[PDB]
């Protein structure tokens, strides 16, 4: 009948779901091995990080010049915009900031360049010439030297030691100059690492593309293996940005217990210089140092630390502002890169099995379902 049409197509339905479901049930055996390789590649890169700040191959002179060329074509294009919005002071100021940073990026690359032409020389901790940046503590030039009065180091214009060792003021600005120079070199190193890692990552792009196009499924799956490596390098870049930011006192490292800490290795969190880690029963939120979070009647409020319920209890729009302010926190990731990766790993591992079973049932049901539409049609 009508019914026969609606019964055959009531099993046309069921074999549509015997197949797009059995698709998922080995395609997940799939994705979990993917998940396995992904976190393995990630952890390798993370473990290999410290052992890369010291042992990475340097930027070639060619790479240095090429990255300086690129920055210059950015400083050029920056001024063009600066003189397009001439008069709009608040964007001209914005672009001046962007232009100043590039300028400083370039002064750093120039040090690297000057050392391949030296021009400048690398020097250890402290005084003596070295050949490799990994060994360098300072980069100085031809009319400067490092003297080591006791366990205390000094950076001065060459020869002028005698005009110095009897004036403490000048003993001081030269033990200061020394420090500032060690600092600047550290900055240069992190940026160099970042540039080096960037170049390496950009190169993998052509490759990844090919493996994707490749009709051979064996090659296709190899693009995913390679993406993991690509992203592993990105984990390293992220650490460096975080380090640079802390190094520049834009940010702060904190350990598991929200104690401020100096080094990445001890850090579980990384947040703004003017922020704190606020606890909401077993979870840290990055907020301003002079803010707090108040809970009342299952509601949450971000307020100045002065404020409390009384401050806003008669103001409705205050309350809603403090709730939107709190709501913006929700997807903040104050965690350190390594920590985030471990966090994400637990979340994905959990959810994978929560898709192992649900789909397994979804197949069990669709074969139970088979015993009904086979039943009806054989009538």
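Residue numbers count along the first chain shown, from 1.
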Per the PDB entry, mean CA B-factor is higher for 194-202 or 169-177, namely for 169-177
Highest mean C-alpha temperature factor of the two stretches 183-191 and 277-285, which is it? 277-285
Deposited CA B-factor, highest of 328, 353, 342, 38: 353
Based on the PDB record, which member of 48, 334, 346, 316 exhibits the highest Cα temperature factor? 316
Among the chain's modelled residues, which third holds the C-alpha B-factor of residue 31? highest
Taking the chain's C-alpha temperature factors as the reference, tell me which third residue 145 falls into: lowest, middle or highest. highest
Classify residue 219 as lowest, middle or highest third according to the C-alpha B-factor given in the PDB entry, relative to its own chain. middle
Using the B-factor values recorded in the entry, state whether the Cα atom of residue 323 falls in the lowest, middle or highest third among the modelled residues of its chain. middle
Lowest, middle or highest third - CA B-factor, residue 61: lowest
